[PDB]
Amino acid sequence: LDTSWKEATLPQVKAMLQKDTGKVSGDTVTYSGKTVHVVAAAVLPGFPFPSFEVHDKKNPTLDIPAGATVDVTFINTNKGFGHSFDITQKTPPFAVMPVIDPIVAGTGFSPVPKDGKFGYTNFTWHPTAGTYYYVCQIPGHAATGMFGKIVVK
Ligand SMILES: [Cu+]
């Protein structure tokens, strides 16, 4: 799993959030092109706890074109918790301690926000067609809704 983290101040976080290359429609974000950029964040201020936000939507379904290189940036903006962003083919409902192995691509637990900064990381993914789920591994978070669906077709 990806366990390399960097630190960003709030203006940087806001700059990164804007680089998500998807197009929104309802609660679905559709990507296109050879290399797509997904920028996900754990609980942006004002959004429900616990949840992921992508392109300013709460836990949206991501539609990725088969064959595309997926560059994912995950930022933890939630004070007090070190959420994770992990892709699995296991489906909901998720248990308190969810069984999601094998994890196809993902992040380890992120550092908690500190000293006016937020931890973030980048990882690459080359999916095969089919449906996946992005989830947080902190006990009880996926069970309470911190997960979204990904359709690679
Ligand atoms: Cu979480």
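One-based numbering, in listed order, for ligands and for the atoms of each. Along the sequence shown, residues are numbered consecutively beginning with 1.
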Without placing hydrogens or testing angles, list every side-chain donor-acceptor pair under 3.5 Å for residues 142-150, not counting sequence neighbours.
from : atom 1 : to   : atom 2 : distance (Å)
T144 : OG1    : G140 : O      : 3.0
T144 : OG1    : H141 : O      : 3.2

Shell check on the Cu ion (ligand 1): protein N, O or S atoms less than 2.8 Å away are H83 ND1, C136 SG, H141 ND1

Going by atom type alone, with no hydrogens or angles, which donor-acceptor pairs under 3.5 Å involve a side-chain atom of residues 85-95 and a protein atom two or more places apart or on another chain?
from : atom 1 : to   : atom 2 : distance (Å)
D86  : OD1    : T107 : N      : 3.0
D86  : OD2    : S84  : OG     : 2.9
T88  : OG1    : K90  : N      : 3.1
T88  : OG1    : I100 : O      : 2.5
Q89  : NE2    : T131 : O      : 3.0
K90  : NZ     : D101 : O      : 2.5

Kindly assign one of parallel, tilted or perpendicular to the pair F49 and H83, based on the angle between their ring planes and the thresholds 30° and 60°. tilted

For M97 and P139, which heavy atoms make the closest approach, and how far apart are they?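 What the structure gives for the nearest pair is SD-CG, 3.9 Å.
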
Through direct or indirect side-chain contacts below 4.5 angstrom among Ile, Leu, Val, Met, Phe, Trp and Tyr, which residues connect to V151? none

Tell me if the aromatic rings of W5 and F118 count as close, with their centers under 6.0 Å from one another. no

